[PDB]
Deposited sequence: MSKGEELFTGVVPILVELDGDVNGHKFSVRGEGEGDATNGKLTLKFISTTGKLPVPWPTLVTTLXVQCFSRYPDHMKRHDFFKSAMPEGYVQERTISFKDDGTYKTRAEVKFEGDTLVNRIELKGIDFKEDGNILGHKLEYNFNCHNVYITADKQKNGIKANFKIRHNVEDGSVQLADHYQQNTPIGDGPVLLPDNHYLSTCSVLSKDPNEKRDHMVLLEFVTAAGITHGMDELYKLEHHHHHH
């Protein structure tokens, strides 16, 4: 279950629907679990995204978190591998609409894959999300996990904060549940994850794209 030494390959596939605007993202990159570093590039295979890239970051692989030597046993994410887990989130933008996401995260071959459905409903076509009024950045957030023994897995809740192009700040409340898809697996006690992100572009890629680096530690 420790497939997580060395540079592991990542594929991410998301299919979205925000207010009927449909889009599709594919991303490929590397994950270094031992250092908790993710390096990825994402592309829109459906022309310019209806929504801002930063609001997709949390949706677009927490098994690659760096888990300390001391607490290495409260790592649900690798523990359910490679059957995978189901990660479900409800992301509720304050004063705007909400995303539903169901994702299966598991191994095909040597490769870690994250397959996402995202349904977005109730968005203003003129607020910060559908109106593309959000800056292209991403701060550091700490994701508060807890054991959900009633499904054998994880519940997190956390607030993401998107800087808005007008000095205001847009709130995105995340609720998250993770279940293990199959035998017994680990049940963390009560820890959180410190995640920081660098968002950037590739001067060569023409399609809607986000290049992304990330460090995650437990």
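- Gaps without C-alpha coordinates occur at 1-4, 65, 187, 225-244, with positions taken along the deposited sequence from 1.
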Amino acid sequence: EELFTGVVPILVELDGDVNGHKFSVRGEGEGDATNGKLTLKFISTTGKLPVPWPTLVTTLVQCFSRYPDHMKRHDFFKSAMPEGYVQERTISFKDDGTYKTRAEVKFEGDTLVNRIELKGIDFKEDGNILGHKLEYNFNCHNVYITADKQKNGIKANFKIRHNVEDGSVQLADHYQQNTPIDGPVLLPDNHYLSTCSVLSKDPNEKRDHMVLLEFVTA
From here on, numbers count along this sequence of modelled residues.
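- Stretches 39-47 and 64-72 differ in mean C-alpha B factor, with the higher average recorded for 64-72.
- Of the two stretches examined, 126-134 and 77-85, the record assigns the greater average C-alpha temperature factor to 77-85.
- Of all the options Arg26, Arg161, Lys155, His174, the entry's greatest CA B-factor is assigned to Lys155.
- Residue-level temperature factors show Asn204 in the highest third of its chain, judged at the C-alpha atom.
- For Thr101, the recorded CA B-factor ranks within the lowest third of the chain. Only modelled residues enter the ranking.
- Compared with the other modelled residues of the chain, the Cα B-factor recorded for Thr59 ranks in the lowest third.
- Sort the chain's modelled residues by C-alpha temperature factor and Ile145 lands in the highest third, per the entry.
- Annotation for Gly167: C-alpha temperature factor in the middle third relative to the rest of the modelled chain, per the entry.
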